[PDB]
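Protein chains in written order, with the deposited numbering: chain A, 2 to 145; chain B, 2 to 145; chain B', 2 to 145; chain A', 2 to 145. A prime marks a further copy of an entry chain. Here is the structure we will look at.
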Ligand SMILES: OC[C@H]1O[C@H](O)[C@@H](O)[C@@H](O)[C@@H]1O
Ligand SMILES: OC[C@H]1O[C@H](O)[C@@H](O)[C@@H](O)[C@@H]1O
Ligand SMILES: OC[C@H]1O[C@H](O)[C@@H](O)[C@@H](O)[C@@H]1O
Ligand SMILES: OC[C@H]1O[C@H](O)[C@@H](O)[C@@H](O)[C@@H]1O
Ligand SMILES: OC[C@H]1O[C@H](O)[C@@H](O)[C@@H](O)[C@@H]1O
Ligand SMILES: OC[C@H]1O[C@H](O)[C@@H](O)[C@@H](O)[C@@H]1O
Ligand SMILES: OC[C@H]1O[C@H](O)[C@@H](O)[C@@H](O)[C@@H]1O
Ligand SMILES: OC[C@H]1O[C@H](O)[C@@H](O)[C@@H](O)[C@@H]1O
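Right, here's the structure in full:
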């Protein structure tokens, strides 16, 4: 693997979903959100071929697409976790900050904050726990 | 060099302090704290030799020592940042969770939280910004 | 920076040439050769952008181009070192073996052999020593 | 794992033997040898605890022990593979070069040479194929 794997942020419900590969570049994120984060889908590169992970989560909210340009990469992720309805603890919001611009916040910023500023490294993939929504979230990082 | 470097959590004052080496094992932390985190000092192993980083920060508060046992390693770090006195934003508290027990809280766990749960990897060193207190804090992780 | 760097195979003359980047994928090699290896040039990907390293070496011999397909990567490299003309020790031949086919031999496979079979990892870049020919050769590998 | 794994050098007989761990430091090698390399055993450090790998191979030849000092690490390995008796291809000799001294050659230098000079990295463990002798040999390297 040889990735640093951070997580999980969020609760214990839903079902664990994870990659089966060796990503070296994150190229695309499709995120569904509204009052919380509904679903995650992302594309990564491995040995020059592009693979799609997800979609993980439900079909609620509205969709937003992040297509990273060549030379663009994530330098930080922020979010919040907390209650919604009957769910004790899930991912309420996510913000993706690249070296060129900020994407988000997606969802609504309620609950306990978290933040992952990256001084040296590359974010290449994600994992989490998912049901009809994103119960929990985690990150794969590669040394730079 | 092949480490993922996360940070900084906290403010922009004090002075940057950082390691000059290639750590593969964190063996000891000495932390001074009271209402905030006053100072950090830690030992790491490189090529079988033990090196001391720090002390970074002042001589206020009280001292606590964490000596990791063989087979003991950090699985998560928590903290809070915020104002103290005349300082706009510094590290108010830190908690270190190993696979055997929890160390802390050091400081006071009020203010804005951050958290770094490690699903796969090893925390091997730290860096930050320091004056008479710990202005900012960061972490080095190795893939596992 | 988080790469394993193997080398050098060959002699001590010519001039050191090396990359200035963080490669994650080798996409192309252009090699000039005849009785020895005359020059090396290769393309790699970093943050989704393609960068060209080299050409290192002279304009003798004949050119061959290796363009790796998506999903194609090197699993082994072979070569030989030895004398040519007035040069005490240089790279006489190189063979590049991918998971799909074998490229070469380039040069002449006489002299002292070396071999780098990769059980787990990825070859992402090269370096060496160069004058009018390839005096010496080395390899960058990434954990897989 | 997050190690670069090189190999195998040697033949296809014997039985594959390999580590079940995440070594970060090689501390000791015990090698049995005579006309070829008979067996390998080595100690490594993981999360500050010492683990013994092997012994792999038979009980022939004579034993030699390499105990690395703090601050001592391997910078290169050399060897030869080839026939002995009824064995078509096995490991005939090995030499271990540290930043302080050279250990070996062990065995007898017959057959096809190989060499692994390390410009950047650390050798932390080995694997191979083994019967009554060392049929084949491989190396684990960590980025530095
Ligand atoms: O964000 C959670 C939830 O928010 C809103 O109620 C709707 O858009 C749903 O489709 C969505 O699942
Ligand atoms: O995603 C929110 C919610 O989705 C579904 O209802 C179930 O899988 C729950 O376990 C989960 O908490
Ligand atoms: O921790 C910051 C600061 O907190 C309080 O003001 C006192 O207890 C000091 O000893 C300490 O330096
Ligand atoms: O550490 C708290 C404080 O210490 C010193 O007074 C200076 O370095 C300041 O810049 C810093 O904010
Ligand atoms: O390859 C080294 C050298 O080999 C021969 O001398 C010739 O074919 C040259 O074209 C070439 O430069
Ligand atoms: O490359 C072969 C030869 O090329 C040039 O003449 C010089 O750089 C030499 O040092 C080198 O040995
Ligand atoms: O080295 C292979 C072989 O060499 C010699 O014949 C003896 O020392 C044996 O014990 C050993 O197995
Ligand atoms: O190690 C040399 C030899 O040992 C044993 O005889 C068997 O396991 C063989 O397969 C192997 O080739």
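Each residue gets a CB set at the ideal place from its N, CA and C atoms; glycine is no exception.
I'd like the span of the beta strand (DSSP E) that includes residue i, first residue to last.
{"i": "residue 130 of chain A'", "result": "123-131"}
{"i": "residue 14 of chain B'", "result": "Run containing residue 14 of chain B': none; DSSP gives neither H nor E here."}
{"i": "residue 39 of chain B'", "result": "38-47"}
{"i": "residue 142 of chain A", "result": "135-143"}
{"i": "residue 58 of chain B", "result": "50-58"}
With DSSP run on the structure shown, which of helix, strand or coil describes residue i?
{"i": "residue 101 of chain B'", "result": "coil"}
{"i": "residue 96 of chain B", "result": "strand"}
{"i": "residue 69 of chain B", "result": "coil"}
{"i": "residue 25 of chain B", "result": "coil"}
{"i": "residue 74 of chain A", "result": "coil"}
{"i": "residue 2 of chain A", "result": "coil"}
{"i": "residue 7 of chain A", "result": "strand"}
{"i": "residue 110 of chain B", "result": "coil"}
{"i": "residue 87 of chain B", "result": "coil"}
{"i": "residue 80 of chain A'", "result": "strand"}
{"i": "residue 120 of chain B'", "result": "strand"}
Going by beta carbon distance, what residues of the same chain come within less than 6 Å of residue i, once the five residues before and after it are set aside?
{"i": "residue 121 of chain B'", "result": "145"}
{"i": "residue 5 of chain A'", "result": "142"}
{"i": "residue 65 of chain B'", "result": "32"}
{"i": "residue 42 of chain A", "result": "31, 55 and 56"}
{"i": "residue 20 of chain A", "result": "54 and 126"}
Which residues in the same chain as residue i place their Cβ atom closer than 8 Å to its Cβ, once the five residues preceding and following it in sequence are excluded?
{"i": "residue 63 of chain A", "result": "33, 34 and 35"}
{"i": "residue 115 of chain B", "result": "10, 79, 80, 81 and 82"}
{"i": "residue 18 of chain A'", "result": "55, 57, 128, 129, 130 and 131"}
{"i": "residue 93 of chain B", "result": "36, 37, 38, 80, 81, 82, 83, 85, 108, 109, 110, 111 and 112"}
{"i": "residue 76 of chain B", "result": "98, 99, 100, 118 and 119"}
{"i": "residue 139 of chain A", "result": "6, 7, 8, 9, 10, 127, 128 and 129"}
{"i": "residue 52 of chain A", "result": "22, 24, 44, 45 and 46"}
Which residues in the same chain have their Cβ closer than 7 Å to the Cβ of residue i, if we skip the five residues on either side of it in sequence?
{"i": "residue 26 of chain A", "result": "45, 46 and 125"}
{"i": "residue 176 of chain B", "result": "In the structure displayed, chain B extends from 2 to 145; residue 176 of chain B sits before or after that span and is not available."}
{"i": "residue 90 of chain B", "result": "11, 12, 82, 83 and 84"}
{"i": "residue 16 of chain A", "result": "130, 131 and 132"}
{"i": "residue 113 of chain B'", "result": "81, 82 and 83"}
{"i": "residue 74 of chain B'", "result": "99, 100 and 123"}
{"i": "residue 106 of chain B", "result": "94 and 96"}
{"i": "residue 67 of chain B'", "result": "29, 30, 97 and 104"}
Listed from N- to C-terminal order along the chain, which residues in the region 17-32 of chain B have their beta-carbon within a distance smaller than 8 Å of any beta-carbon of chain A'?
23, 25, 26 and 28
To be precise: take each residue of the region 43-54 of chain B, compare its Cβ to all Cβ atoms of chain A', and keep it if any distance is under 9 Å. Which residues remain?
46, 47, 48, 49, 50 and 51
Along the region 106-133 of chain A, where does the CB come closer than 7 Å to a CB of chain B? Name the residues.
113, 114, 115, 116, 117, 118, 119, 120, 121 and 122
Identify each residue in the region 62-90 of chain B' for which the Cβ-Cβ distance to at least one residue of chain A is less than 9 Å, and report them in chain order.
69, 70, 71, 72, 73 and 74
Along the region 2-15 of chain A, what residues have a CB closer than 9 Å to any CB found in chain B?
2, 3, 4, 5, 6, 7, 8, 9 and 10
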